[PDB]
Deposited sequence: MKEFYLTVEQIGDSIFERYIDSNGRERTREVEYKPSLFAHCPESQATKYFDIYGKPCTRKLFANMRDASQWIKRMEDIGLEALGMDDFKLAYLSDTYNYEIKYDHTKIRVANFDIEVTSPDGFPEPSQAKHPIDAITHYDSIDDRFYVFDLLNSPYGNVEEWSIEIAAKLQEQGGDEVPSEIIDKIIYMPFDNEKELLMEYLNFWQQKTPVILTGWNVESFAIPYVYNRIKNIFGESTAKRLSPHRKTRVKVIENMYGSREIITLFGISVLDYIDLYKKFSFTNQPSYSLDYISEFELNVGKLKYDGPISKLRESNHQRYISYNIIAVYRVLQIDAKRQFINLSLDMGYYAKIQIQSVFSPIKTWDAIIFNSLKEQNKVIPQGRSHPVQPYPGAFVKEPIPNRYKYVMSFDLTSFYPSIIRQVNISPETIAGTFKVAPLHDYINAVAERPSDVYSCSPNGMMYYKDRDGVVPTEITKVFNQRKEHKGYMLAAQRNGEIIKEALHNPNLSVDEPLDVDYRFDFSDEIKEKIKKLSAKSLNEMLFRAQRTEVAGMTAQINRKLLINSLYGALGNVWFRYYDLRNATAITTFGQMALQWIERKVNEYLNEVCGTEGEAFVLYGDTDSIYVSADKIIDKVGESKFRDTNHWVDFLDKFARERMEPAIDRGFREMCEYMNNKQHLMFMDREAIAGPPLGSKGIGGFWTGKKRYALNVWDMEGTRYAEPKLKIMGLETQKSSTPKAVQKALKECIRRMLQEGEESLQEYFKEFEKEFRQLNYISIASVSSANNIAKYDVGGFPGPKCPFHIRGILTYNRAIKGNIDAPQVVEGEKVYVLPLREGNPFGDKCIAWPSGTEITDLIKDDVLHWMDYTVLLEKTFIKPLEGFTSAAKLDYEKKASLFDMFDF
């Protein structure tokens, strides 16, 4: 096989690389890398090298990397540009791997681990590490084994060995329900004392040194705790064995919090992977909560606090430590963020951990692309941060909207980049701008008949290829492929859902199909004959495939959109507000241009005149009212709900889309762009069920609407799905039960109507006081707690949730056992009635947890249900109904005298 790197580091004049060789063996080498940088030279001394603007450069080879650095500093002192890749690691990877890297993940050692630390006095600070490590579970992807390190003897209690027999048993059997599929993959190692455990763990670590290191909060807890605990017990030199090059870096962030860097290892903390790539916003980030959300597994049941879990039930303590490791593996098998990281990493030729940084990622991609053409990249420059305009958002009339059909541009900003040919080296010049609306209304003169233009005043060469359009097109093409797999899996999913209404009472097996492709006619008919067991199992697999495709597509979308963003970031080598603004301004034009076009077409083709068909739009979308399209054919002429959905689908596809294409082709001609790429397709088709009292949809304002959608991008739902954006149902700050309740209110408004809504509202108001307190607690981030802490009491302008935390701190004052609220973390928040013993109107505690038993029963007693109802439920519901022209409570009439 072809060679591929694992990790790379720069240590002085040395580059330490771990890699897989031709034969597939993991090796390590120290290369005294000789880097090259470039300086502008006279036109005479022209060679192979030119900068992106075509200026000739002399290559300077350095004896070592330190000489290259000092030369950059000297060029600064003189005042001349020092060109080339300054991050020498990237240059090394580029030199050593001058080809598209095809890697084998089975050769990459991916380590998942989690530790346990019993602490009698609050959270065990990793910087201190004054408490014994009493459990480590370490999964090795190559061995496919769970290595368990268990401490039997500790100053916090002596315990017996862990039983794998009991761990495997059901919880109903008094066991721990450790999943059977990993029982045989467990390698158990008990220890007499901590020193021998840690000594053995280090030797294990040397034999099986992680390349990718992951787990849950491993960077902020596990890694620094293990490092410091070993450093304290054995000395710093022994602690440095955690690095395969024996080099570590301790980053001090008192704010005492330390972030350790282990050279030769790529740490991909899964909580960080999750926060960046999952596109969720969770009210809690405990592994327990996340596992429940992602995998639908039950909460880990146990008695007493974790601080005493080891002494009381050491059996369950160890089993839970093993399960915690497996949970992350399971989440990754679904989400596949590690696979995504490896893909991006080797594509860009960076350190794998640099996937968290789109700027670093694109810097390397662009550098490699330019390097292949013997071109030289510019030097990074210092820039002041400046604001600049972005997208346009139409102000909608707050109202209900019965029939709605939406359209959206494909990969807007990247497409604009490719269309206009926007790139640092393709700038042709400028022109005098007319106001933006003159271009929208096709009144302003054509900017240029020679160059490609944006309404911000920028002109670009139509002939030359740009490194930014070139490299962004490559990633986009990948994105398009993976979205295709996703949508097909989604379409296949609905097919199975429909067949779940007629499940055959039979014993069979789930069909063997690649869910990434639309089911063949053969497969469809077989599905209509399978059992509920086989169908449900297929549905599960169809959704797993869809999720996998989602991860692959939405994050390539994130990457390319981040390239656009990078153009407006001062730390990006190719920062340029001319280009950034060229994109956004063009976008503002493009959206409002097509609004005018669609309005003109519809008005004509619908017979009317001057009517507003487009009711809303954000950045690159339009929401077209389709009432008069349905009315032009008459509502009675439709068989069922599905019939008119088929009609609008055909109408949007056969008539609207070609018209929209013509409008954008003209705009492309107007701007004299390089290539027409403004592709606006139909997205949603919304409306009430046929012959019902539902309103279909409504808008309360910008970025706040709800639609009863029957079809989305070609996927025809078996049951109508509510597309709700911006409303309280979509916010993590809204209490769980309230989200659920508000959504059903919305569902009833859109699908059933006013009477159904009032019916449900009356019931919810009557019974909501029985809801669990967690389900009705609000959630908020806890930032700058100390900023508003004045003697344990709320200082001036203290935020409501911060007040709740201060209330909590006073309530738990005097107990180190009580859970502390962590700065930056999220908290549950509850209002308190006026005569409460806490001395304030609200209280807040760490989210994802049951509030401490110290004050729990008192909180439950003094909860303000009246305030909770009106503030979190009624007030938002009033907003929904006012806009939609509805009442949630039956109004008083003159008939009330009867």
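- Item | Gaps in the model, given as deposited-sequence positions counted from residue 1 | 256-258, 902-903 are the stretches of the deposited chain that have no C-alpha coordinates in the structure.
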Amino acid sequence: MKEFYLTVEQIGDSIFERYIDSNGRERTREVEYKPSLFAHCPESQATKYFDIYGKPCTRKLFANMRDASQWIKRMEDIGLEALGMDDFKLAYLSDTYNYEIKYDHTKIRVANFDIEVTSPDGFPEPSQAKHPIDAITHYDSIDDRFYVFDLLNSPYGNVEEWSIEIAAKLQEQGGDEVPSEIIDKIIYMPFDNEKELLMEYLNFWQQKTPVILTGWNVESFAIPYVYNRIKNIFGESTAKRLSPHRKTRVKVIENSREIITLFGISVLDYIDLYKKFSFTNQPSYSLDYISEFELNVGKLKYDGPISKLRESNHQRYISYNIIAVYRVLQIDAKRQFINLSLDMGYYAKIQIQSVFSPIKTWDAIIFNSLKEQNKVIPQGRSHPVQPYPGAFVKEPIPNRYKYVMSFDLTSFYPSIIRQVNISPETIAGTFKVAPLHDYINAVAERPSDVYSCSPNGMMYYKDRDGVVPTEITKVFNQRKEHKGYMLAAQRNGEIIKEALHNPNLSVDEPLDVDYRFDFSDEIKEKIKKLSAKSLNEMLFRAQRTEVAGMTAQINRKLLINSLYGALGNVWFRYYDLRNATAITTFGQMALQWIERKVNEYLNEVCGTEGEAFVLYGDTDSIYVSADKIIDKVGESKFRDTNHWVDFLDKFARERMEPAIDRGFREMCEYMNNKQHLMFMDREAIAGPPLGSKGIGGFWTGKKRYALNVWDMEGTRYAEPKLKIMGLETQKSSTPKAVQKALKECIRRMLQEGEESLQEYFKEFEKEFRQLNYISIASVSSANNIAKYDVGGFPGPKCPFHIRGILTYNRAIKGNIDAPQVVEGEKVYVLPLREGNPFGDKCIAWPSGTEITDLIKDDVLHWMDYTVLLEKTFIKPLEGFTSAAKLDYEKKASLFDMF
From here on, numbers count along this sequence of modelled residues.
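- Query: Do a third or more of the other compared entries leave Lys597 out of the model?
  - Reply: Modelled in all the others, so no.
- Item | Missing coords for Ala718 in a third or more of other PDB entries | Across the compared entries, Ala718 is modelled every time.
- Task: Pick between 11-19 and 886-894: the one whose mean CA B-factor in the entry is higher.
- Result: Per the deposited B-factors, the answer is 886-894.
- Message: Regarding 418-426 and 295-303, which shows the higher C-alpha temperature factor on average in the entry?
- Response: Higher of the two, by average CA B-factor, is 295-303.
- At the C-alpha atoms, which of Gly84, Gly814, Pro469, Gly215 reaches the highest B-factor in this entry? Spelled out: the listed residue with the top C-alpha B-factor is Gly814.
- If you compare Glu181, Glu600, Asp143, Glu825, which has the highest Cα B-factor in the entry? That would be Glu600.
- Query: Based on the entry's values, in what third of the chain does the Cα temperature factor of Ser781 lie: lowest, middle or highest?
  - Reply: Bottom third by C-alpha B-factor.
- Message: Considering every modelled residue of the chain and its Cα B-factor in the PDB entry, is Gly54 in the lowest, middle or highest third?
- Response: Highest third, going by the recorded CA B-factors of the chain.
- Message: How does the C-alpha B factor of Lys693 compare with the rest of the chain: lowest, middle or highest third?
- Response: Within its chain, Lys693 is a highest-third residue by C-alpha B-factor, going by the deposited values.
- Rank-wise, by C-alpha B-factor, drop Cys41 into the lowest, middle or highest third of its chain. Highest third.
- Third of the chain's Cα B-factor distribution that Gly835 belongs to, per the entry: Ranked within chain, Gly835 CA B lands in the highest tercile.
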